[PDB]
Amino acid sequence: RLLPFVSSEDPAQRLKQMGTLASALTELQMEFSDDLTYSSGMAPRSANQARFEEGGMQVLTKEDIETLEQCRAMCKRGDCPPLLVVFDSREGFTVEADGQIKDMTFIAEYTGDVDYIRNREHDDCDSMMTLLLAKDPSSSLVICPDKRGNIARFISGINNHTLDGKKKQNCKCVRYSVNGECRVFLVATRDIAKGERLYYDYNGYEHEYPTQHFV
């Protein structure tokens, strides 16, 4: 079952954490957005229907929905998860734990503008994320945090080409149906210590992300 995150107790530390995110967003010319956003110029909210997912989509349970809403409310009142955005010479911006994060803890929703994959065929963004994979490829959707987004777009991925790379993975990106809509969330897959860098698998489903050069 999903567990809510435990925000750092010192308010100064939460301030620092949010500051590191604000500066990274600024560097990438982005605004902060902790929800999926829709528009008629791209993909209307009505296109996001989990029943369109080829082969079906797992449904988030009432209990885990309650936990998701607790976490969302915490973020809005200023209790963010204990995470620091830090520049790394090899990886660029990366995300690391700034407090303990237990196995099964909700980390973040992957947010940004939602759009049709067919509309992003020629897009250079390095942070596109699958939202809905439909039988008809012209109905499939992607999340694009190129203009708006949150901390999730800064999390690193593993090298899918090395025997040792999977050993680094300490969280997982999953897609769940919530009130009938697709949603993408990140969850810890083991206990994570302070200072530890977060990594998930960019190629969970489709293998559309090149990682042979990753550290």
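We number the residues from 1 along the sequence you see.
Remark: stretch with higher mean C-alpha B factor among 178-186 and 43-51 is 43-51. Of the two segments examined, 200-208 and 21-29, it is 21-29 that shows the higher average Cα temperature factor in the deposited entry. Highest C-alpha temperature factor among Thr94, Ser140, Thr111, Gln100 per the entry: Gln100. For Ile155, the recorded CA B-factor ranks within the lowest third of the chain. Only modelled residues enter the ranking. Sort the modelled residues of the chain by CA B factor and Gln58 lands in the middle third. In the deposited entry, the Cα temperature factor of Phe87 places it in the highest third of its chain's modelled residues. The PDB entry assigns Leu68 a C-alpha temperature factor belonging to the middle third of its chain's modelled residues. Ranked within its chain, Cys75 lands in the middle third, by CA B factor from the PDB record.
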